[PDB]
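Just so it is clear, none of the values below were taken in a lab; they were calculated from the coordinates. Here the Cβ positions follow ideal geometry from the backbone for every residue, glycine too, while neighbour counts run over all protein chains shown.
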Amino acid sequence: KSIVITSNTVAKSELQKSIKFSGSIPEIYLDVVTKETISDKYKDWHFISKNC
Amino acid sequence: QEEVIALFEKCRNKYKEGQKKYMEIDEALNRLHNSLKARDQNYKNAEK
Amino acid sequence: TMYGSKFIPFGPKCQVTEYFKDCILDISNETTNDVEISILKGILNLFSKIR
């Protein structure tokens, strides 16, 4: 019955999938990014969306 | 077999009520966490 | 964006800033609010103090 962790699991997962980065991407970064809920610091206009 | 099937009925009822309690408590805890963060920011701004 | 222009300047005696602050203190409760309200209160106080 219990299958998700709050709403972060889907958000963290689908941020992780579309990440366009070849490195580590620690889960702490995904957790702090996907758990803002107060300010829109991490959501902004991105004209460049692919690796240069 | 009747006792065991009644045991499963009570077990499943307790299971469902436990999950209802778990969802209620988790929802309350998440709401309290977000509210606490907002209140902390508000208090810091007001104090400054 | 508004503050600092010819229309809404910094200063203590402007009427517009007083009206803005009057509304901000109306909504502000400091117990269960959006953080933007407190941020506005602080920013408006700072801009009111700027001569």
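Peptide A:28-40 has a mean of 2 when you count, residue by residue, the C-beta atoms of other protein chains within 10 Å of its C-beta.
Give the shape of region A:13-52 as rounded, prolate or oblate, defined through the alpha-carbon gyration tensor: a ≥ b ≥ c are the square roots of its eigenvalues, a/c under 1.5 means rounded, and otherwise the shape is prolate if a/b is larger than b/c and oblate if not. Oblate. This ranking places C:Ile50, C:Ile39 by how few other beta-carbon atoms lie within 10 Å of each, fewest first, which gives C:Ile50, C:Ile39. A cut-off under 11 angstrom between Cβ atoms defines the neighbours of B:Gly18, and their net charge, with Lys, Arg +1 and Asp, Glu -1, is +4. A straight chain from A:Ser18 to A:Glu36 at 0.36 nm per residue would run longer than the Cα-Cα distance by 4.6 nm. The label-point distance for B:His33 and A:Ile5, in a model that sets each label 7 Å from Cα toward Cβ, rounds to 0.9 nm.
I want to check the label-to-label distance for B:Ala46 and A:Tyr29. Put each point 7 Å from Cα in the C-beta direction and report it in nm to one decimal. For B:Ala46 paired with A:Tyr29, the spin-label model returns 3.7 nm.
Projecting the Cα atoms of C:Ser5, C:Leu40, C:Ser28 onto the dipole axis of chain C, where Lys and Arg carry +1 and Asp and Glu carry -1 at the beta carbon, places C:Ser5 farthest toward the positive end. Could you tell me which of rounded, prolate or oblate describes the protein assembly as shown, using a ≥ b ≥ c as the square roots of the eigenvalues of the alpha-carbon gyration tensor, with rounded for a/c under 1.5 and, failing that, prolate when a/b is larger than b/c and oblate otherwise? In terms of gyration-tensor shape, oblate. In this rough spin-label picture, where each label sits 7 Å from Cα along the Cβ direction, the A:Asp44-C:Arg51 distance is 3.6 nm. Once you have a ≥ b ≥ c as the square roots of the Cα gyration tensor eigenvalues for chain B, tell me rounded if a/c is under 1.5, and otherwise prolate or oblate according to whether a/b is larger than b/c. Taking the square roots of the gyration eigenvalues as a ≥ b ≥ c, chain B is prolate.
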